4 protein chains.
Amino acid sequence: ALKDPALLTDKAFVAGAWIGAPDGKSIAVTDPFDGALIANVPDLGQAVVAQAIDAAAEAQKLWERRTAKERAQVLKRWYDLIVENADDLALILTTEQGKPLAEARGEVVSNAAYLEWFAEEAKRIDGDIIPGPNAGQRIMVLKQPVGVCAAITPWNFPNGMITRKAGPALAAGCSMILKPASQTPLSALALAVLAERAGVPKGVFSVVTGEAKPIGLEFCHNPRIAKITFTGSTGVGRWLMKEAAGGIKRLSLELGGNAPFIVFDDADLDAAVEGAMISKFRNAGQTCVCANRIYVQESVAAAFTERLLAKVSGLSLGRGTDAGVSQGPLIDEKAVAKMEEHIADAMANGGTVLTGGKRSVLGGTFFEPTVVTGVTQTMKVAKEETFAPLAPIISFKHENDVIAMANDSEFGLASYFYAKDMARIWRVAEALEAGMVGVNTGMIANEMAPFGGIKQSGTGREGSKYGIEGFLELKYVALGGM
Amino acid sequence: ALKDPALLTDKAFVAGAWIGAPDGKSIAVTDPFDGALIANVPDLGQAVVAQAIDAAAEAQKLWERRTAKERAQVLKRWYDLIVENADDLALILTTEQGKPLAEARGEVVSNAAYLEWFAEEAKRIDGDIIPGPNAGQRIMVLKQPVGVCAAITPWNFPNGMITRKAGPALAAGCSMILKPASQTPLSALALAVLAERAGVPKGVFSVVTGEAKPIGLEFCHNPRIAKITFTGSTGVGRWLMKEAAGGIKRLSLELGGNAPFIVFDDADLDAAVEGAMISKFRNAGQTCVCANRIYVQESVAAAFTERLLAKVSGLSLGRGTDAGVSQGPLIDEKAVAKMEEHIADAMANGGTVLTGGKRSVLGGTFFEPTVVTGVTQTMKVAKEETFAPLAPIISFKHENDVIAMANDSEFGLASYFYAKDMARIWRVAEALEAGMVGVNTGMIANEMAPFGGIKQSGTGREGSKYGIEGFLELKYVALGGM
Amino acid sequence: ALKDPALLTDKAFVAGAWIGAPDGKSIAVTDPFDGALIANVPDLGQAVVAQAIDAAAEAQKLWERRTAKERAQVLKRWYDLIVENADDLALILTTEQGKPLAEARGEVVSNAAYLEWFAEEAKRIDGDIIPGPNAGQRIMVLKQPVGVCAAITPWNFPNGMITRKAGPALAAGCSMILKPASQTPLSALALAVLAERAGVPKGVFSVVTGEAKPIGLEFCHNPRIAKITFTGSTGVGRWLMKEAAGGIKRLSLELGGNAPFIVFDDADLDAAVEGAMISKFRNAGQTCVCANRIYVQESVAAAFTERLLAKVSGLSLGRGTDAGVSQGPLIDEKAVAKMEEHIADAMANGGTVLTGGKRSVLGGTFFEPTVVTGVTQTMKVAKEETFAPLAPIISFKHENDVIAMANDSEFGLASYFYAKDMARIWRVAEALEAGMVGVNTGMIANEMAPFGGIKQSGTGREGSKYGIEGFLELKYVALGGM
Amino acid sequence: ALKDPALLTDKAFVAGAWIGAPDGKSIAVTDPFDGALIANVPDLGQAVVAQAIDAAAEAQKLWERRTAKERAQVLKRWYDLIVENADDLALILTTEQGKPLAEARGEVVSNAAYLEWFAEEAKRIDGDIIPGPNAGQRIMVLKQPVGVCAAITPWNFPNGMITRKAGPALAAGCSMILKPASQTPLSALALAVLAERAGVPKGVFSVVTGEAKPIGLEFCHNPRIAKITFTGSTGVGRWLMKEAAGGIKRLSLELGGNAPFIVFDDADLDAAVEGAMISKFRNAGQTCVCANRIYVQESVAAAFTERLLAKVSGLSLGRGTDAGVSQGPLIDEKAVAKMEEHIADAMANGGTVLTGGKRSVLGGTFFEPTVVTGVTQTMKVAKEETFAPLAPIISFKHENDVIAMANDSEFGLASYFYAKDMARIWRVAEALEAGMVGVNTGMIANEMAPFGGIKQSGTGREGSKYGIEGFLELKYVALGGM
Ligand SMILES: NC(=O)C1=CN([C@@H]2O[C@H](COP(=O)(O)OP(=O)(O)OC[C@H]3O[C@@H](n4cnc5c(N)ncnc54)[C@H](O)[C@@H]3O)[C@@H](O)[C@H]2O)C=CC1
Ligand SMILES: NC(=O)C1=CN([C@@H]2O[C@H](COP(=O)(O)OP(=O)(O)OC[C@H]3O[C@@H](n4cnc5c(N)ncnc54)[C@H](O)[C@@H]3O)[C@@H](O)[C@H]2O)C=CC1
């Protein structure tokens, strides 16, 4: 039911052309709601990926010579086409990933914003004129594109993560070759159709599908891949960083987080409950910024949990294309197993399930939104990310205790807390060890802000004025003989 | 013969205290000129290094809470003490490394400049106030110290590389634990004496000596080491990056380069010869920015080589503390063997040794400055770094040919060319694939410029306004409930 | 012959509504080619302007509260509408001002670029987070809109000067009330129609026509006018600055210049002649950046003047809407009188008219493009701006002599020189006393560059990242009690 | 009683030499405590000032050619000499102006900080490399010194205002000629002695004394004066801006303010009283940032006024060189008359004097610190600046009412308020119409912050990264022929 059926394609985008696997191999794409088959995308080997990388290298050589105005115009055309076809893209995203159609459309728009922002940033790549060491010399600092970039995106955001990687790379003058997740490769191919329609030159943007490990090896071992941007799990990031060591490749990583959610006694309780609802249960808890631990002060915990239960009662599961549906199915059975393991550990270690705690009657990978009280810091959920709709509530008594507990983790992606006092807000926001802190709000996604984490959560930033730094290399030129 | 004998020490600096190895093990330091023994520094194991890292962590916790003015004042005091004791530091450096005393003093001053610059930068770590997405929210971007940093420095610059790593780390509010090269550990310990005298708090600066591999493993595997800065060979950098993968550690690497030196027919020949003399033969060719290939256009090559031979005839070898001595001994016998191998390959492959080509009559590790004509692109020196005073001269005919030849390498550290036309200068400087380009000058060292390389030559920059970026982490704070 | 006849209007834009003079008074607009009447715009008194300023104040209060995204979207819509209707706008501009239709269209597009650039800049108004003086205090630096801005534009660019004033003002969140030149008020009103169509809120943009002096007095004496941007002659700028003194109003002025054009013996002669043709004879010499003195070295002067005469022979006068017409009529008879006076002074003082030197056979205000050799520094044209198509050629012998002669003026707007040597280019470009220097090019208009002059040529800049600074005020907030 | 008697001088500093008036005319300097004569400084006419301006022009020509490192080193030497001689400078300042010796020393140190900061900024004057419009052109933006600057300083801070004007001017490469207030010219001459001792070249720094109006006329009418920085009253600023109009001179003005002081019901009352004590009664209320109106919410006013009276009881008047003295005499009898007029208007219009209200028993220009309750918005003090130690207390009931009352003034220099809620702090700080806002603190002086006002309080900023912008001019260079 697509207004533009060309946005659904069964071929990979290599050297600006639509190709299939030369051995006929393919990977099926299935709808998570009922397992229905969608299409067979090509399964590309290492040789086709090598040819794609060579094409991307030539295209990058031709693409860095264009003016910043031309590249910005191409990126703006791509953004306009993405916003124009947002309904078809949202339908494809909901079909492949399973999130509610409203969430899919919100993702498409709020992440085409990244393409718009970096189209603006393409014209602001400014060098420097540094004072010289003597009268006979001047100093220029030029910023130049690093080269061919390789992007690896997860199933978590089939469209959202692609724009925030392709935008800065293209704006800087770099070429991109993207390997999307095999579970949800259709959003990438639709964006490739739009990019070709937008005037992106042949080879500058490429989407390759296939077995993840061989393509990652080709990305890590090809000398013509200057930079690799990766979003995904911590283990695959560590594997990539180990494999890219032999070539000294620039690596930008966004890995998992364990986001605390603190509610102080001087907070707005209704605002705190709304923020917890949007931070935890968005994408059915499958978001890298999703809250994973909810800390409440002892004097407020009862009222917070009462309002939270009242709000969780209103959640409705079902198919994403169904009106009134807030929660879609988990990505696969492993997510259900992990969520069950976390709930079982919570129950055994002393916690109490207040709501949910079992698979929903819909069957498949659907799960009831679970609210559990009495969680402690020894529990599995206290140190591990569920990626599923579970709301563990830990109680505290003092600000420094919750600061000690919230930083008791190796992941530094996101954190949230609710308070009114300015001194407390500044103190807690500076003390929390995270890349991003949301104060009195559960929504932090922004193409103008430096999205990214610290510690094991990865390196580099996405969006803002710092998002293009990783794709550029400095060149210090000393002009003598004046 | 030291004005301040306390600048020569036989102990490592751990937790702000002077300690020795608890097992009595030690590493001897010898003078490269005649093998004379200087002192026995401690050989520290992994447990002492672990305790040092813990102390550095506590010190960093206390040191990031100080105001930027206090940290800048401490760094400025350290710079003042370094400049005041420049003669003793230069004598220690010449004794341990072998470079001429004038070069040692120049190194000490021109690299204390880094400490001064980053003392100034400590007070300019500014956040951002980004426009909000709606009236109810504001956006702050804070910059915070990454944590405990570990520095590994080579024998190449026993003092120079330490200031440009300790300055930005301390200015950002990070703590440093440094492992200097075992060949030349005395400059680091002298700087540690001065740092303690300058008011650096206990644990903020640490110097540890011992076997390189166990300390590097401890640096890579300790969770309390947030960042690792390394300067050295490409192989050790690759080993470090592979070993740091399991912890997702921020890695800044300055690795080797293969610097071309181009002389066009529209160049100032006397200036070109002076630039080649300072770029190639400084530190007896043992510099990461030293020229390694000298390209000359066909119509200028004869006059350039005649003037170059006239200038090389004036070079004088001997002990560093001897007046009129321009060249000191190579670091060890491996450097002599590599230089001999390069000369032999040049002779066998068709090249002609015009001057030098053998060890000097002084014996030991001294080598005659060698000028060889007829070098080609298949020669070992054309793709490998000698780190020794050899001047290979390759001839070309056209600008694009020399651009193809100069970029025919995996190392992107430095490059030099001599030309007068503005269009040619801009075109060649933009086409050359290097981190740093010196136009009409063989001297590019500058604490105000972004020192660093591209491709395999490493990641990150030293000095300038970009030198402190690697030691800071961004924190995006979204302040809701307005 | 307008595709959209609503772009031609006979009413002023006040409080977001189209109004006429309440006393029936009006100002006629006539076509400079043959004096044909176009329309009668209102002649507004000081009371109507006062009401307009009050409306602009209320609108600014409502308009600074909108998000930067909304204001950028409005500005981008305005830019899109301007580019879409570029042909009708160009026809109106050619009818009112007289420039060739191709030049009018080029003006419309290349100055809507300013609106696009400042729409991008609207989202990049970033504050600062400065390190505090102690642990108990933080420092924010906010940037806020200055308030209601008043713009005064000349007949020189009926459309070009309006976008580069309205863009930054609206992007910053300021409101604008513009008084265009009485000779060419129709382009401003057409842009007002488009702005209303683009969603600019009522009062944020206002166009008022009438007697210049009373409206300027109202602008200078109204306390609700925070800032005044003026483009025009030096005398009116001095009058405005004297009249705005009593209120301490922020004043940005772009006044006249006396642009030198130097041709060195190492220059590209064909490029120099093309640059002189575009710099001097564009807009029939009626441009603030137009070359006014052409200096040539003694060894190149003959060939330069021969090629220049060959190129001037190809100029064709006539109506702007006529194919092949390069030169339109001067604005009025005063321009013809001034050009005749300059030619007469040149002839009497020793110079020789090589080409032109009299009114063309077309009659009216048309003038033959004049090339005069033998000009000296005592001549009237050497120190005064003709604003008419005369090419005075002064010869020199040395670089320092031409540097002394080119800086022998109180105006610092623009300068041009042609040379190839990098050292000479840097030296002369740094020595020339001008806001803008065009090296080897006669075209410098750019919305990404800081357009503006020094000395008597005015204060402030237009375009680039510095163009929005004048419309914002800093606010240093010190947050204590941490 | 000076450790260095050369810091007290009776001559003006012109062309780097110490001169007297060629007609023997002089101006006496008297101690405000008892009228005791100190020294006779020269009274310089317009011809000597013209010669000084010519010398400053030549010196600026020689001084902009020095490297940024050399100028920064000179400025740092000047700062070091100022801090070393802080006691003699403080004694001179207390003798000439009358403020307590502790305040004089604090002024000397905290304003030599400006010299240090701008010495650091001298090396950070960076140009830009903007992306070109096509492949054949590049764009540089250079920052160059504006030229010769003229500074006019008040008696308010005999030393404080001089460093924050001379630092940025010298760092940018501009020359300064300063005319200090005739009441307190000795601090300027002492700083000139130190500047000569610090290696400031002849003519770069000049101090001229004499009749204010002729020297101001010479500053405004000399074509070689590029920029004028003025600190003082609004009327003299308006006169200067009117007189500088004929030459289109860059004018930076810091004029008077009417600073509100708001205490909300959610504030820390002890902190509010301490902040009011330091903001109001510092320099006996003779400060441009001194609080002038104290607003208190109705529910807190009684306790605030009780604590304020308890703190005002502890103030001690007398000679500045006396231990335990907090308040010195007013500058002259006009200040006493104005303070008496304000107190009389407060008493007549309904207000009640709670403490003080008359001249102290010490006689002369001493005045008792006065606290008056019941002040309204019609009172003279509500719209006029006393510059004397009077604490008018106005009561309010709601936040928007106090926002309306605080902005009910044409002066936008400083404001203070005390609150704890983050939303209230952000809202009020953004709503207040002032250049500087001090939240929960009465101290805002900082060389790293943009000191300056809005509206009639003046234009431009002092300190921070924006303090050097006014002394530099942009130069857009377009390099064609690539
Ligand atoms: N924080 C984040 O952004 C993400 C977190 N996750 C984490 O991952 C778990 C499940 O997701 P996964 O499928 O494991 O994610 P993943 O990290 O394995 O998948 C992300 C991307 O990596 C690629 N990839 C996987 N193995 C690879 C290999 N050996 N070589 C090269 N590329 C390879 C995949 O094709 C995909 O494009 C979740 O429970 C959560 O912990 C899930 C998705 C993204
Ligand atoms: N470009 C540069 O900055 C440098 C280049 N070189 C290269 O290295 C060659 C000889 O120098 P090398 O002694 O090989 O340099 P290197 O890279 O091995 O030594 C640099 C530092 O690395 C440390 N290190 C060495 N092995 C380590 C290990 N396994 N784990 C942890 N740390 C370790 C050393 O203690 C020293 O502090 C030269 O021929 C040249 O190619 C030499 C010195 C520095």
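Residues numbered from 1 in each chain as written, not as in the entry; some residues may be left out. Chains lettered and ligands numbered in written order. Heavy atoms only, no water. Residues with missing side-chain atoms left out of burial classes, pairs and counts.

Listed as the method for this PDB entry is cryo-EM; the listed resolution is 2.52 Å.

Per the PDB entry, the recorded name for chain A is Succinate semialdehyde dehydrogenase, and the organism is Rhizobium leguminosarum bv. trifolii SRDI565. What the PDB entry is called, per its title line, is "Cryo-EM structure of NADH bound SLA dehydrogenase RlGabD from Rhizobium leguminosarum bv. trifolii SRD1565".

Pulling in residues and values, what's your account of the overall build of chain A?
Looking only at helices and strands, one finds 14 helices and 22 strands in chain A. Since a compact globule built from 482 residues should have a radius of gyration of about 23 Å, the 23 Å found for chain A is in line with a globular shape. Overall, the C-alpha framework of chain A stretches about 70 × 65 × 40 Å when taken along its three principal axes. Looking at chain A alone, contacts between residues at least 24 apart form 72% of all its contacts between residues at least 6 apart. (Helix = DSSP H or I, 4+ residues; strand = E, 2+ residues; numbered from the N terminus. Rg over C-alpha atoms; globule rule 2.2 N^0.38 Å. Contact = heavy atoms within 4.5 Å.)

Explain the domain arrangement of chain A to me, and be specific about the residues and the numbers.
Residues and elements named next belong to chain A. As far as domains go, chain A holds domain 1 (5-255 + 457-478) and domain 2 (259-447). Domain 1 puts 25 residues into the contact, and the matching count from domain 2 is 24 residues. Listed by contribution, the elements that provide at least two residues to the side of domain 1 that touches domain 2 are α3 (86-97) and α4 (101-121). Per element, the largest residue contribution to the side of domain 1 that touches domain 2 is five residues, and it comes from α4. In the side of domain 1 that touches domain 2, the residues fall into 12 nonpolar, eight polar and five charged. (Domains from an automatic or database assignment. Nonpolar A, V, L, I, M, F, W, Y, C, P; charged D, E, K, R; others polar.)

Hey, could you go over the side chain of C:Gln456 for me, with residue numbers and the actual values?
Relative to the elements of secondary structure, C:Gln456 occurs in the loop between β20 (454-455) and β21 (458-459). A residue is classified by how much of its surface remains accessible, and C:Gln456, at 16% relative accessible area, is buried. Every residue in contact with C:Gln456, bar those within four places of it in the chain, is listed here: C:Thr234, C:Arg238, C:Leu255, C:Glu410, C:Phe411, D:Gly246, D:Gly247 and D:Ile248. (Buried < 20%, exposed > 50% of the residue type's maximum accessible area, 1.4 Å probe, protein only.)

Can you lay out helix α6 (residues 186-197) of chain B for me, pointing to particular residues and giving the numbers?
Residue and element names in this part refer to chain B. Here α6 is 12 residues long and its end C-alpha atoms lie 17 Å apart, about the 16 Å a rise of 1.5 Å per residue gives. Along α6, 10 of the 12 residues are buried, which leaves the element largely enclosed by surrounding structure. All buried positions along α6 are accounted for by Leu186, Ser187, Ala188, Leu189, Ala190, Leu191, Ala192, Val193, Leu194 and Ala195. Just downstream of α6, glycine 199 is the residue with a positive phi angle, here 95°. (Expected span 1.5 Å × (residues − 1).)

Kindly report on the pairing of strand β11 (residues 250-254) of chain D, identifying the contributing residues and their values.
Residues and elements named next belong to chain D. Within β11, five of the five residues are buried, which leaves it mostly tucked inside the rest of the structure. Here strand β10 (residues 225-231) pairs with β11 via five bridges, running parallel. Within the sheet, the bridge partner assigned to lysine 227 lies in β11 and is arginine 250. Between β10 and its parallel partner β11, the chain crosses via helix α8 (residues 234-243), and the hand of that crossover is right-handed. For β11 and strand β21 (residues 458-459), the ladder comprises two bridges, and the chain directions are antiparallel. (Pairing = 2+ DSSP bridges. Right-handed = clockwise from strand over helix to strand, strands pointing away.)

Can you break down the site of ligand 1 residue by residue, with the values?
All names here are of chain A. Close contacts around ligand 1 come from 21 residues, with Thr153, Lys179, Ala212, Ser233 and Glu254 the closest. At 3.1 Å from an oxygen atom of ligand 1 is found a side-chain nitrogen or oxygen belonging to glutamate 254. If ligand 1 stood free it would expose 810 Å²; the protein chains cover 77% of that surface. Contributions of two or more residues to the shell around ligand 1 are made by α7 (212-221), β10 (225-231) and α8 (234-243). In terms of residues, the shell around ligand 1 owes the most to one element, α7, which gives three residues. A breakdown of the residues in the shell around ligand 1 according to their chemical character gives 12 nonpolar, six polar and three charged. (Near = heavy atom within 4 Å. Polar contact = N/O pair within 3.5 Å; in protein donor to acceptor, adjacent residues only side chain to side chain. Areas by Shrake-Rupley, 256 points an atom, 1.4 Å probe, with all protein chains shown as cover.)

Before we move on, can you summarise the site of ligand 2 with the specific residues and values?
Residue and element names in this part refer to chain B. In the neighbourhood of ligand 2, 21 residues make up the surrounding shell, with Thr153, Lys179, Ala212, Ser233 and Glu254 lying closest. Here an oxygen atom of ligand 2 and a side-chain polar atom of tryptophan 155 are 3.4 Å apart. Considered on its own, ligand 2 offers 810 Å² of accessible surface; in the complex 76% of this is hidden by protein. Contributions of two or more residues to the shell around ligand 2 are made by α7 (212-221), β10 (225-231) and α8 (234-243). Top contributing element to the shell around ligand 2 by residue count: α7, with three residues. Considering only residue class, the shell around ligand 2 consists of 12 nonpolar, six polar and three charged.

Account for the relation of the copies chain A and chain B, naming residues and giving values.
Superposing the two chain copies requires a rotation about an axis and a translation along that axis. Rotating chain A by 180° and moving it 0.0 Å along the rotation axis overlays it on chain B with an RMSD of 0.0 Å. Taken together, the rotation and translation relating the two chain copies correspond to the operation of a two-fold axis. Taking the C-alpha atom as reference, chain A places A:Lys242 closest to the rotation axis, 2.5 Å from it. The residues that chain A uses at the interface reappear at the interface of chain B in 100% of cases, marking a shared surface. (Least-squares fit on C-alpha atoms.)

Provide a residue-level description of the pattern of salt bridges, including the pertinent values.
Applying the stated criterion to the full structure yields 80 salt bridges over all chains. Residue A:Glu120 is joined to C:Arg124 by a salt bridge in which the shortest nitrogen-to-oxygen separation is 2.5 Å. Residue A:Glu120 is found in helix α4, and its partner C:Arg124 is found in the loop between α4 (101-121) and β5 (127-130); the two belong to separate chains. Residue class for A:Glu120 comes out buried when judged on its relative accessible area of 6%. Taking the relative accessible area as the measure of exposure, C:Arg124 reaches 13% and is therefore buried. The salt bridge involving B:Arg197 is made with B:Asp4; its shortest N-O contact spans 3.1 Å. In this pair, B:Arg197 sits in helix α6 while B:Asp4 sits in the segment before β1 (12-14), placing the two residues 193 residues apart along the sequence. Among the charged side chains, a salt-bridge network with shared partners connects A:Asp54, A:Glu58, A:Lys61 and A:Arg224. (Salt bridge = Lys/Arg side-chain N within 4 Å of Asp/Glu carboxyl O.)

Tell me what's going on with the packing of aromatic side chains, and back it up with residues and numbers.
A full pass over the atoms with the stated rule returns 32 aromatic pairs over all chains. With 6.1 Å between their ring centres and 80° between their planes, C:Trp155 and C:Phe387 make a pair best called edge-to-face. Within this pair, whereas C:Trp155 is found in the loop between β7 (148-152) and α5 (160-172), its partner C:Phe387 is found in the loop between α12 (380-383) and β16 (390-396), the two being separated by 232 residues in sequence. Assessed through its relative accessible area of 17%, C:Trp155 is described here as buried. Taken together, the ring pairs connect A:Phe261, A:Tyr416 and A:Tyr418 into an aromatic cluster. Over the ring of A:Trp117 we find C:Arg124, and its NZ or CZ is 3.7 Å from the ring centre. Just above the ring of D:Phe157 sits the side chain of D:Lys99; from NZ or CZ to the centre is 4.4 Å. (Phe/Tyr/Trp six-rings, centres within 6.5 Å; stacked < 30°, edge-to-face > 60°. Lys NZ or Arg CZ within 6 Å of the ring centre and 35° of its normal.)

Hey, could you go over the interface of chain A and chain B for me, with residue numbers and the actual values?
At the interface, 62 residues of chain A touch 62 residues of chain B. Counting residues per element, the side of chain A that touches chain B draws most heavily on strand β22 (residues 472-479) of chain A, which supplies seven residues. When its residues are assigned to classes, the side of chain A that touches chain B shows 34 nonpolar, 16 polar and 12 charged. Sheet topology note: the β22(A)/strand β19 (residues 436-439) of chain B ladder contains four bridges and is parallel. Note that in β19(B) the partner of A:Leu479 across the bridge is B:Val439.

Please provide a residue-by-residue account of the interface of chain B and chain D, values included.
Of the residues lining the interface, 22 residues belong to chain B; the matching set on chain D comes to 22 residues. Across the interface of chain B and chain D, roughly 2,000 Å² is buried in total on both sides, 58% from carbon and sulfur atoms. At the junction of chain B and chain D, the tally comes to 12 salt bridges. Breaking the side of chain B that touches chain D down by element, the ones donating at least two residues are α4 (101-121) and α14 (422-431) of chain B. Element by element, the count of residues in the side of chain B that touches chain D is highest for α4(B), at five residues. Taken together, the residues that form the side of chain B that touches chain D break down as nine nonpolar, two polar and 11 charged. (Buried area = accessible area lost by both parts, 1.4 Å probe.)

Can you explain unusual backbone geometry? Please cite residues and give values.
Most peptide bonds adopt trans geometry, and most residues besides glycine take a negative phi value. Of note, C:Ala284 is a non-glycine position whose phi angle comes to about 55°, a positive value. Structurally, C:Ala284 can be placed in the loop between α9 (269-281) and β13 (291-297). C:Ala284 sits in the buried class, given a relative accessible area of 4%. With a phi close to 60°, D:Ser464 is a non-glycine residue in the positive phi region.

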